[PDB]
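Presented as structure tokens, the chain that follows is alone, the form deposited in one PDB entry.
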């Protein structure tokens, strides 16, 4: 069986986690390489955060290489309108080293989420709330010699990375865009922010 690691957004055990707010993502599952789970919060009211790696439990929202697990079934959430609706928001409590992701709607199929706006959290709390919207997948065709996908790879442990992918364009027919930063057609970019965050660019390769 694969080494599916269980990590915690804060501390190292269930007991160290906050209780989930309504509609908070309770776990994030990363499916870029070997699946792993990062626990965010503990579900209230006797429920338990779902831990399966697929979407067939009915508590899952998929986006790019991640699955977001919710305490309650996702069919209860409305479908977002592209651009206008915020699928989710992010806030951080800096003193608690805790992030909260509140989900408002599900993006349509063939969508990508993106950071779109910010607003103050409110009168009594410090900082900003970040608002994410849904955009349709790009129909863009790659220019010759331009990258088709960007990777940002954070080495969390020596054998566990947290990775964000950004697709840029569709390769010509008969060509493939690399889907992992170790495939052929990938060039290392630069360190970014920290020594353990590395960017890569993938290019269209014949076949």
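Numbering follows the first chain given and starts at 1. Take the two forms, superpose them, and find the largest set of C-alpha atoms that agree within 1.5 Å; that set is the rigid core.
Margin query: Which is higher on mean Cα B factor in this entry, 113-121 or 79-87?
Written below: Mean C-alpha B-factor is greater for 79-87.
Note to self: Mean CA temperature factor from the deposited coordinates, higher in 21-29 or in 5-13?
What the structure shows: Looking at the recorded C-alpha B-factors, 5-13 comes out higher on average.
Margin query: Checking the record values for 145, 149, 156, 69, which has the greatest CA B factor?
Written below: Max CA B-factor in the entry, restricted to 145, 149, 156, 69: 145.
Check: Checking the entry, which one of 181, 47, 39, 175 has the top C-alpha B factor?
Finding: Most elevated C-alpha B-factor of the set, per the entry: 175.
Check: Can you tell me which third, lowest, middle or highest, the CA B-factor of residue 191 falls into for its chain?
Finding: Tercile = highest for this residue's CA B-factor.
Next item on the list: Would you mind ranking residue 161 by its C-alpha B-factor against the rest of the chain and naming the third, lowest, middle or highest?
Entry: Its C-alpha B-factor belongs to the lowest third of this chain's values.
Margin query: By the recorded C-alpha temperature factor, relative to the other modelled residues in its chain, which third is residue 55 in?
Written below: It falls in the top third of the chain.
Next item on the list: Would you please rank residue 140 by its C-alpha temperature factor against the other modelled residues of its chain and give the third it falls in: lowest, middle or highest?
Entry: Within its chain, residue 140 is a highest-third residue by C-alpha B-factor, going by the deposited values.
Check: Going by the entry, which third of its chain does the Cα temperature factor of residue 94 land in?
Finding: Residue 94: CA B-factor falls in the highest third of its chain.
Although not depicted, the form deposited in another entry is the subject of the following passage.
Next item on the list: Determine, after fitting the two forms on their core, whether residue 65 shows a C-alpha shift of 2 Å or more between the shown form and the other one.
Entry: No, its C-alpha moves less than 2 Å.
Note to self: Using the rigid core as the reference frame, would you say residue 194 shifts its C-alpha by 2 Å or more between the shown form and the other one?
What the structure shows: Comparing forms between the shown form and the other one, the residue 194 CA shifts at least 2 Å.
Check: Is residue 162 among the residues whose Cα moves by 2 Å or more between the shown form and the other one after superposition of the rigid core?
Finding: Where the cores coincide, residue 162 still shows a C-alpha shift between the shown form and the other one that is 2 Å or more.
Check: Taking the shown form as reference, are the C-alpha positions of residue 196 and residue 66 brought closer or pushed farther apart in the other form, with a change of 3 Å or more?
Finding: Distance between the C-alphas of residue 196 and residue 66: shorter in the other form, by 3 Å or more.
Item checked: Comparison of CA distance in the other form with shown form for residue 196, residue 30, at least 3 Å -> So the answer is closer.
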